[PDB]
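Below is upload.txt, which holds compact mmCIF, C-alpha atoms and all ligand atoms.
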```txt
# COMPACT_ATOMS: atom_id res chain seq x y z
CA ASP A 7 119.62 2.37 -49.64
CA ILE A 8 117.79 1.84 -52.95
CA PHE A 9 118.86 0.40 -56.35
CA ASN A 10 117.69 2.81 -59.13
CA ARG A 11 117.19 0.16 -61.81
CA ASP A 12 114.79 -2.37 -63.35
CA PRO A 13 114.50 -5.43 -61.05
CA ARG A 14 113.59 -7.66 -64.05
CA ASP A 15 117.37 -7.37 -64.67
CA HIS A 16 118.20 -9.08 -61.33
CA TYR A 17 115.10 -11.30 -61.08
CA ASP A 18 112.43 -13.20 -63.05
CA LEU A 19 108.79 -12.43 -62.20
CA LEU A 20 107.17 -15.89 -61.90
CA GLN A 21 103.76 -15.52 -60.21
CA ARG A 22 101.49 -12.85 -58.68
CA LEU A 23 100.48 -13.80 -55.12
CA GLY A 24 97.68 -11.24 -54.82
CA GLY A 25 97.09 -7.52 -54.57
CA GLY A 26 95.54 -4.78 -52.46
CA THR A 27 95.09 -1.02 -52.83
CA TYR A 28 98.20 -0.86 -50.58
CA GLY A 29 100.44 -3.22 -52.63
CA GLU A 30 101.09 -6.13 -55.06
CA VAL A 31 103.10 -9.27 -54.04
CA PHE A 32 105.15 -11.32 -56.52
CA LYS A 33 106.95 -14.66 -56.38
CA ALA A 34 110.26 -14.31 -58.20
CA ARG A 35 113.63 -16.06 -58.77
CA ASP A 36 117.10 -14.54 -58.57
CA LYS A 37 118.50 -14.85 -62.14
CA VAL A 38 122.07 -15.38 -60.80
CA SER A 39 121.80 -17.06 -57.39
CA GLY A 40 118.68 -19.08 -58.32
CA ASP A 41 117.05 -18.52 -54.91
CA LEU A 42 113.37 -17.60 -54.69
CA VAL A 43 112.29 -14.18 -53.41
CA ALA A 44 109.15 -12.31 -52.48
CA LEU A 45 108.84 -8.99 -54.34
CA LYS A 46 106.42 -6.36 -52.94
CA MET A 47 105.42 -3.88 -55.68
CA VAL A 48 104.01 -0.46 -54.77
CA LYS A 49 102.80 2.04 -57.40
CA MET A 50 104.36 5.39 -56.32
CA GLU A 51 103.21 8.37 -58.48
CA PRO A 52 105.32 11.60 -58.43
CA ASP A 53 102.74 13.60 -56.43
CA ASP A 54 102.10 11.19 -53.49
CA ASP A 55 104.42 11.17 -50.40
CA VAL A 56 107.06 8.41 -50.04
CA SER A 57 107.76 8.62 -46.22
CA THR A 58 105.42 5.72 -45.31
CA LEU A 59 107.35 3.35 -47.61
CA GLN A 60 110.78 4.74 -46.57
CA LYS A 61 109.86 3.88 -42.96
CA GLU A 62 108.87 0.29 -43.90
CA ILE A 63 112.18 -0.28 -45.74
CA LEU A 64 114.19 1.22 -42.85
CA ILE A 65 112.33 -1.15 -40.45
CA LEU A 66 113.09 -4.19 -42.62
CA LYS A 67 116.73 -3.15 -43.39
CA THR A 68 117.41 -2.47 -39.68
CA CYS A 69 115.88 -5.84 -38.55
CA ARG A 70 118.20 -8.84 -38.66
CA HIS A 71 116.49 -11.64 -36.77
CA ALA A 72 115.53 -15.26 -37.53
CA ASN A 73 111.81 -14.80 -36.77
CA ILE A 74 111.49 -11.66 -38.94
CA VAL A 75 111.23 -11.73 -42.75
CA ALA A 76 114.65 -11.12 -44.20
CA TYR A 77 115.23 -8.11 -46.47
CA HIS A 78 117.51 -8.20 -49.53
CA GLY A 79 117.06 -4.86 -51.15
CA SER A 80 114.68 -2.53 -52.94
CA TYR A 81 114.35 -1.22 -56.48
CA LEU A 82 112.87 2.10 -57.69
CA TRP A 83 112.01 1.98 -61.41
CA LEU A 84 109.33 3.49 -63.69
CA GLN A 85 107.51 5.05 -60.68
CA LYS A 86 107.11 1.53 -59.15
CA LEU A 87 108.88 0.57 -55.93
CA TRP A 88 109.84 -3.09 -55.52
CA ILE A 89 110.72 -4.35 -52.02
CA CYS A 90 112.73 -7.61 -52.16
CA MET A 91 112.48 -10.21 -49.36
CA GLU A 92 113.06 -13.88 -48.51
CA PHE A 93 110.39 -16.20 -49.92
CA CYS A 94 108.10 -18.00 -47.44
CA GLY A 95 106.66 -20.72 -49.63
CA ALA A 96 103.81 -22.01 -47.46
CA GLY A 97 102.50 -18.47 -47.06
CA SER A 98 100.68 -17.11 -44.02
CA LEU A 99 99.07 -19.17 -41.26
CA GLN A 100 95.70 -17.95 -42.59
CA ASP A 101 96.55 -19.13 -46.12
CA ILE A 102 97.46 -22.47 -44.51
CA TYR A 103 94.65 -23.00 -41.94
CA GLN A 104 92.06 -22.23 -44.60
CA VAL A 105 93.24 -25.46 -46.24
CA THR A 106 94.22 -27.54 -43.20
CA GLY A 107 91.59 -26.50 -40.68
CA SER A 108 92.52 -25.79 -37.10
CA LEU A 109 95.99 -26.16 -35.68
CA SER A 110 96.89 -28.33 -32.69
CA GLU A 111 97.93 -27.13 -29.28
CA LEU A 112 101.59 -28.02 -29.90
CA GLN A 113 101.63 -26.42 -33.34
CA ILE A 114 100.06 -23.34 -31.77
CA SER A 115 102.60 -23.41 -28.95
CA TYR A 116 105.52 -23.52 -31.37
CA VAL A 117 104.09 -20.67 -33.45
CA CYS A 118 103.51 -18.59 -30.32
CA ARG A 119 107.05 -19.22 -29.08
CA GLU A 120 108.50 -18.15 -32.43
CA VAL A 121 106.42 -14.98 -32.67
CA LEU A 122 107.33 -14.06 -29.09
CA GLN A 123 111.00 -14.31 -30.09
CA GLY A 124 110.38 -11.94 -32.99
CA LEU A 125 108.39 -9.55 -30.83
CA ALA A 126 111.01 -9.53 -28.07
CA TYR A 127 113.62 -8.65 -30.70
CA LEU A 128 111.41 -5.88 -32.22
CA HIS A 129 110.62 -4.39 -28.82
CA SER A 130 114.30 -4.34 -27.81
CA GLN A 131 114.86 -2.28 -31.03
CA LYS A 132 112.04 0.07 -29.83
CA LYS A 133 109.78 -1.05 -32.73
CA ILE A 134 106.15 -2.27 -32.54
CA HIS A 135 104.44 -4.56 -35.08
CA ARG A 136 100.89 -3.53 -34.15
CA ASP A 137 99.34 -5.94 -36.71
CA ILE A 138 100.03 -9.41 -35.37
CA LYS A 139 97.50 -11.84 -36.79
CA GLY A 140 97.45 -15.21 -38.68
CA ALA A 141 97.65 -13.44 -42.05
CA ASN A 142 100.94 -11.70 -41.08
CA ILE A 143 102.73 -14.73 -39.60
CA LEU A 144 104.51 -16.39 -42.54
CA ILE A 145 105.72 -19.98 -42.84
CA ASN A 146 108.60 -21.12 -45.11
CA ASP A 147 108.95 -24.60 -46.71
CA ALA A 148 111.30 -25.49 -43.80
CA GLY A 149 108.53 -24.74 -41.22
CA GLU A 150 110.27 -21.65 -39.88
CA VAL A 151 108.13 -18.76 -38.61
CA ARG A 152 108.49 -15.23 -39.99
CA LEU A 153 106.73 -11.99 -38.94
CA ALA A 154 105.70 -9.88 -41.96
CA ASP A 155 103.54 -6.98 -43.25
CA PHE A 156 105.09 -4.05 -41.34
CA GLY A 157 103.17 -1.59 -43.58
CA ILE A 158 100.93 -0.52 -40.67
CA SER A 159 103.93 -0.30 -38.26
CA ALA A 160 105.46 1.91 -40.94
CA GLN A 161 102.18 3.96 -41.35
CA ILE A 162 101.98 4.87 -37.64
CA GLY A 163 105.78 5.58 -37.60
CA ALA A 164 105.58 7.84 -40.66
CA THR A 165 102.74 9.70 -38.90
CA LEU A 166 104.69 9.99 -35.60
CA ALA A 167 107.50 11.73 -37.58
CA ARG A 168 105.00 13.88 -39.58
CA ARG A 169 103.55 14.87 -36.15
CA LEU A 170 106.75 16.82 -35.13
CA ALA A 171 105.06 19.80 -36.93
CA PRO A 176 105.17 20.48 -26.42
CA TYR A 177 105.53 22.07 -22.90
CA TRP A 178 101.96 23.29 -22.17
CA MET A 179 100.88 19.91 -23.52
CA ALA A 180 99.13 17.51 -21.14
CA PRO A 181 100.76 14.06 -20.43
CA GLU A 182 98.09 11.98 -22.23
CA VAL A 183 98.45 14.29 -25.29
CA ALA A 184 102.24 13.80 -25.11
CA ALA A 185 101.70 10.06 -25.06
CA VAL A 186 99.59 10.25 -28.26
CA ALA A 187 102.16 12.58 -29.87
CA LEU A 188 105.09 10.25 -29.04
CA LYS A 189 103.69 6.70 -28.68
CA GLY A 190 100.05 6.96 -29.94
CA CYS A 191 98.57 6.26 -26.45
CA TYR A 192 99.76 2.64 -26.30
CA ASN A 193 102.97 0.60 -25.96
CA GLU A 194 104.76 -2.54 -27.26
CA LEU A 195 102.53 -4.78 -25.07
CA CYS A 196 99.63 -4.36 -27.49
CA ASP A 197 101.45 -7.00 -29.62
CA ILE A 198 101.28 -9.48 -26.70
CA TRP A 199 97.50 -9.11 -26.64
CA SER A 200 97.32 -9.67 -30.42
CA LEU A 201 99.28 -12.85 -30.06
CA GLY A 202 96.74 -14.06 -27.51
CA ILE A 203 93.94 -13.34 -30.02
CA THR A 204 96.02 -14.95 -32.79
CA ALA A 205 96.44 -18.11 -30.67
CA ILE A 206 92.63 -18.27 -30.53
CA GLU A 207 92.46 -17.60 -34.34
CA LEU A 208 94.70 -20.63 -34.99
CA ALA A 209 92.63 -22.79 -32.60
CA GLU A 210 89.20 -21.72 -33.98
CA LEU A 211 89.68 -20.37 -37.56
CA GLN A 212 88.20 -16.99 -36.42
CA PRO A 213 89.22 -14.43 -33.78
CA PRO A 214 86.62 -13.80 -31.09
CA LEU A 215 83.63 -11.69 -32.12
CA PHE A 216 84.45 -12.05 -35.85
CA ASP A 217 80.71 -12.27 -36.67
CA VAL A 218 80.07 -8.99 -34.77
CA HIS A 219 80.39 -5.68 -36.68
CA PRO A 220 83.87 -4.04 -36.33
CA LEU A 221 82.72 -0.58 -35.17
CA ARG A 222 80.54 -2.32 -32.57
CA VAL A 223 83.51 -4.41 -31.34
CA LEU A 224 85.57 -1.23 -30.85
CA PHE A 225 82.69 0.15 -28.76
CA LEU A 226 82.49 -3.09 -26.70
CA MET A 227 86.24 -3.06 -25.99
CA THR A 228 86.06 0.48 -24.59
CA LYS A 229 83.22 -0.29 -22.11
CA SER A 230 84.02 -0.66 -18.38
CA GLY A 231 82.95 -4.31 -18.01
CA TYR A 232 84.59 -5.76 -21.14
CA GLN A 233 85.68 -9.35 -20.40
CA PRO A 234 88.69 -10.68 -22.29
CA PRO A 235 87.76 -13.57 -24.59
CA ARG A 236 88.54 -17.22 -23.89
CA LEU A 237 88.73 -20.44 -25.89
CA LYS A 238 85.23 -21.82 -26.69
CA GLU A 239 86.00 -25.49 -25.84
CA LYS A 240 87.30 -25.98 -22.28
CA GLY A 241 88.15 -29.73 -22.61
CA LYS A 242 89.91 -29.74 -26.01
CA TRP A 243 92.86 -27.74 -24.53
CA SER A 244 95.24 -27.87 -21.63
CA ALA A 245 95.40 -25.76 -18.47
CA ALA A 246 98.66 -24.28 -19.73
CA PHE A 247 96.99 -23.16 -22.99
CA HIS A 248 93.98 -21.56 -21.23
CA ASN A 249 96.40 -19.78 -18.85
CA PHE A 250 98.60 -18.56 -21.73
CA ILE A 251 95.49 -16.89 -23.08
CA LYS A 252 94.22 -15.57 -19.72
CA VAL A 253 97.63 -13.94 -19.20
CA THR A 254 98.39 -12.61 -22.69
CA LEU A 255 94.84 -11.26 -22.75
CA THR A 256 95.33 -9.16 -19.61
CA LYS A 257 93.09 -6.08 -20.06
CA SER A 258 95.52 -3.76 -18.23
CA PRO A 259 98.84 -3.09 -20.04
CA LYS A 260 100.32 -2.16 -16.63
CA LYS A 261 99.78 -5.83 -15.63
CA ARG A 262 100.20 -7.64 -19.05
CA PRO A 263 103.52 -9.43 -19.30
CA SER A 264 106.27 -8.67 -21.80
CA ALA A 265 107.36 -10.89 -24.72
CA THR A 266 110.47 -11.83 -22.68
CA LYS A 267 108.41 -12.70 -19.59
CA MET A 268 106.07 -14.66 -21.91
CA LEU A 269 108.94 -16.76 -23.40
CA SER A 270 109.41 -18.38 -19.97
CA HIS A 271 105.69 -19.36 -19.94
CA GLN A 272 104.97 -23.10 -19.55
CA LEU A 273 103.20 -23.52 -22.90
CA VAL A 274 105.94 -21.89 -25.02
CA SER A 275 108.95 -23.12 -23.02
CA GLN A 276 108.02 -26.89 -22.99
CA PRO A 277 110.37 -29.19 -24.89
CA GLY A 278 109.69 -30.81 -28.25
CA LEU A 279 108.67 -27.53 -29.86
CA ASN A 280 110.27 -27.29 -33.30
CA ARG A 281 109.58 -26.86 -36.99
CA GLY A 282 108.70 -30.57 -37.31
CA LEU A 283 105.31 -29.70 -35.86
CA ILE A 284 104.80 -27.21 -38.67
CA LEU A 285 106.14 -29.56 -41.28
CA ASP A 286 103.39 -32.00 -40.21
CA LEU A 287 100.88 -29.21 -40.87
CA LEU A 288 102.38 -28.43 -44.30
CA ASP A 289 102.07 -32.15 -45.21
CA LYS A 290 98.34 -31.71 -44.54
CA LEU A 291 98.58 -29.01 -47.27
CA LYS A 292 99.14 -31.51 -50.14
CA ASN A 293 96.44 -33.83 -48.71
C1 LIG A 301 101.44 -11.33 -45.13
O1 LIG A 301 102.51 -11.02 -46.03
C2 LIG A 301 102.48 -9.90 -46.78
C3 LIG A 301 101.44 -8.97 -46.72
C4 LIG A 301 101.48 -7.83 -47.50
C5 LIG A 301 102.54 -7.61 -48.37
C6 LIG A 301 103.58 -8.52 -48.44
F1 LIG A 301 104.61 -8.31 -49.27
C7 LIG A 301 103.55 -9.67 -47.66
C8 LIG A 301 104.67 -10.62 -47.76
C9 LIG A 301 104.45 -11.89 -48.27
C10 LIG A 301 105.52 -12.78 -48.35
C11 LIG A 301 106.78 -12.32 -47.90
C12 LIG A 301 106.91 -11.02 -47.41
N1 LIG A 301 105.87 -10.23 -47.35
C13 LIG A 301 107.68 -13.39 -48.08
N2 LIG A 301 107.05 -14.41 -48.55
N3 LIG A 301 105.71 -14.07 -48.75
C14 LIG A 301 104.76 -14.95 -49.26
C15 LIG A 301 103.48 -14.98 -48.74
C16 LIG A 301 102.55 -15.86 -49.23
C17 LIG A 301 102.88 -16.75 -50.26
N4 LIG A 301 101.95 -17.66 -50.82
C18 LIG A 301 100.57 -17.61 -50.31
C19 LIG A 301 99.66 -18.51 -51.13
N5 LIG A 301 100.19 -19.87 -51.13
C20 LIG A 301 99.27 -20.76 -51.86
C21 LIG A 301 101.51 -19.86 -51.76
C22 LIG A 301 102.46 -19.04 -50.89
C23 LIG A 301 104.17 -16.70 -50.77
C24 LIG A 301 105.11 -15.82 -50.27
```
How does this structure look as structure tokens?
Amino acid sequence: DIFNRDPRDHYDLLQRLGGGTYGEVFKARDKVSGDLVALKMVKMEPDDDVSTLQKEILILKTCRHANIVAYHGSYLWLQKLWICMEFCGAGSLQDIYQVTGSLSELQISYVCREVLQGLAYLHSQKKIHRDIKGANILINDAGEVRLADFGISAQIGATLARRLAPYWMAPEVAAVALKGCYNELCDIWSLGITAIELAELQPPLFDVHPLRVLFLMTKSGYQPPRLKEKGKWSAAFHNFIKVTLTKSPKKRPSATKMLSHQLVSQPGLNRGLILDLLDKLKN
């Protein structure tokens, strides 16, 4: 459900937070309530198809969970669509680690736990993020963790619907038609890679060409990556990675199963750990 009016009525546009071909992100304040919001602006011309964006909204609107970016509403005005969300002041983990350098095992553990909670919720709702990385895990000024940037999740969903227009079809073809050849457990892998990102400032093979990496991943003898420095981390951390980075999705554990893992179920994991990191931000 979409408000057909100028959002500059309801909000004040403070600051641009960056742009892409895909969208523009604005910091803004609610003129009445006074609370800060994130406003995602998308330039939608009459001719182009709106389904991709409609799917993103529907995902956001239909997700009420702590670890997923809250949605307030959306505004269609002057052929510009504004999606309104809760503000996450510290930004993404990538925005942050660029300044602070590498996170600590416990900070990583807390982040992983929080993402897993979000994923478990998403998967229960039969939704897949499919773009879990540092740059999509947002932090608020309170050190709470929020999953964001469902534009890809929306893009594959909008295609899956577009793909309606079956019996002589082969099972693998059916799987691509319905699910795209993969399942929810892809997110678990991405988390594993993200855990490495946070530890090392780069995912594995970041210096290698992308097309080449795709090739390497499809070879028979592809070994899952590990953490570079054995000694710097605990057995539980190494294992968390070993397990999340299970090559076979038949044998890779679910978000729920992962939440009971030693690393992410240990006590003392809370936002304080992240607050410590955000203090390193003003340093
Ligand atoms: C990965 O997030 C996206 C990716 C694509 C399109 C989006 F709309 C988003 C997106 C960003 C969002 C929210 C929802 N979605 C909510 N809060 N924020 C957000 C993100 C960063 C900052 N800065 C970063 C820079 N730092 C110095 C100040 C804080 C401030 C607020």
**OP:** Enumerate as JSON, numbers by chain the residues within 6 Å of ligand LIG 301 (chain A), counting only C-alpha atoms and all ligand atoms.
**Re:** {"A": [23, 31, 44, 46, 91, 92, 93, 94, 95, 96, 97, 98, 101, 141, 142, 154, 155]}
Original post:
At what distance in Å, to one decimal, does CA of residue 41 in chain A lie from CA of residue 66 in chain A?
Top reply: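 Spanning CA of residue 66 in chain A to CA of residue 41 in chain A is a straight-line distance of 19.3 Å.
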Original post:
Interatomic distance between CA of residue 185 in chain A and CA of residue 130 in chain A?
Top reply: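 Those two atoms sit 19.3 Å apart.
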**OP:** Using all atoms listed in the file, determine which residues lie at most 8 Å from residue 122 in chain A, disregarding the query and same-chain residues fewer than 4 positions distant; provide the list as JSON, numbers by chain.
**Re:** {"A": [118, 126, 198, 265, 266, 268, 269]}
Original post:
Quick one: residues within 12 Å of residue 211 in chain A, only C-alpha atoms counted, chain neighbours fewer than 5 positions away excluded, as a list in words?
Top reply: residues 99, 100, 101, 102, 103, 104, 105, 106, 107, 108, 109, 110, 139, 140, 141, 203, 204, 205, 206, 216, 237 and 238 of chain A
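If all atoms listed in the file are the atoms counted, then among A:48, A:73, A:220, A:7 the closest residue to residue 27 in chain A is A:48.
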Residues of range 137-220 of chain A that approach range 225-231 of chain A to 12 Å or less, counting all atoms listed in the file: could you list each one with the shortest pair of atoms and its distance in Å to one decimal, rows by chain and increasing residue number, as CSV?
```
residue,atom,partner,partner_atom,distance
A:214,CA,A:227,CA,11.9
A:215,CA,A:226,CA,10.2
A:218,CA,A:226,CA,10.3
A:219,CA,A:225,CA,10.1
A:220,CA,A:225,CA,8.7
```
Could you dump the residues just selected with C-alpha atoms as a PDB file, in the coordinates of the input?
```
ATOM      1  CA  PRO A 214      86.620 -13.800 -31.090  1.00  0.00           C
ATOM      2  CA  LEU A 215      83.630 -11.690 -32.120  1.00  0.00           C
ATOM      3  CA  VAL A 218      80.070  -8.990 -34.770  1.00  0.00           C
ATOM      4  CA  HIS A 219      80.390  -5.680 -36.680  1.00  0.00           C
ATOM      5  CA  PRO A 220      83.870  -4.040 -36.330  1.00  0.00           C
TER       6      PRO A 220
END
```
Subject >> Two-atom distance - CA of residue 114 in chain A, CA of residue 259 in chain A (Å) >> reply: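 Value for the CA of residue 114 in chain A-CA of residue 259 in chain A distance: 23.4 Å.
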**OP:** Using only C-alpha atoms, pick whichever of A:291, A:246, A:74, A:148 has the shortest atom-to-atom distance to residue 121 in chain A.
**Re:**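 The shortest atom-to-atom distance to residue 121 in chain A comes from A:74.
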